[PDB]
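Visitor: Before anything else, here's the structure in question.
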Amino acid sequence: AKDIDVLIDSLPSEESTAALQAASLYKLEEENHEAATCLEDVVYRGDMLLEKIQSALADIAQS
Amino acid sequence: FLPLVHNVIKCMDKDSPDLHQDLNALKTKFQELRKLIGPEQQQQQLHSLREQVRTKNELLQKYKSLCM
């Protein structure tokens, strides 16, 4: 009984209803969208660098 | 080829006065020099090699500027 009571008290006090969980999910989705935009910019820069390196290698091999 | 000219000069000068007959020595020396010495094909090959070296240097210098 003591363990059950302590577990029910120290459980996740949050999305039992329907608003706190929704707000947390919306904030997480916004953070994930920002992180995905940053990662897409970084990946585009890296792909541009790789394409430049590949073009330089092809030009060197063409000689 | 100074050897052939020198041999001819010696043979002409020693035609009547045959004191020292170096005709055989001169002929042997000429044959040995011809054996040891051994067209514009060499010039064309050198020109092609120079052009190739210039092209290689230009290609190597083409990759000078590189930031990232």
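In the structure tokens, chains take the letters A, B, ... in the order shown, each chain's residues start at 1, and ligands count up from 1 in the order shown.
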Set the cut-off to 9 Å and count only C-alpha atoms: what are the residues of chain A that reach chain B? Output as a ChimeraX atom specification.
Guide: /A:49,52-53,56,60,63
Visitor: Enumerate, as a VMD selection string, the complete set of residues in chain A that a backbone-based DSSP assignment places in alpha helix (DSSP H).
Guide: chain A and resid 2 to 9 20 to 62
Visitor: Could you work out how far atom CA of residue 5 of chain B lies from atom CA of residue 28 of chain B, giving the answer in Å with one decimal?
Guide: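 Straight-line distance from atom CA of residue 28 of chain B to atom CA of residue 5 of chain B works out to 14.6 Å.
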Visitor: May I ask for the distance between atom CA of residue 55 of chain A and atom CA of residue 43 of chain A, given in Å to one decimal place?
Guide: 18.0 Å
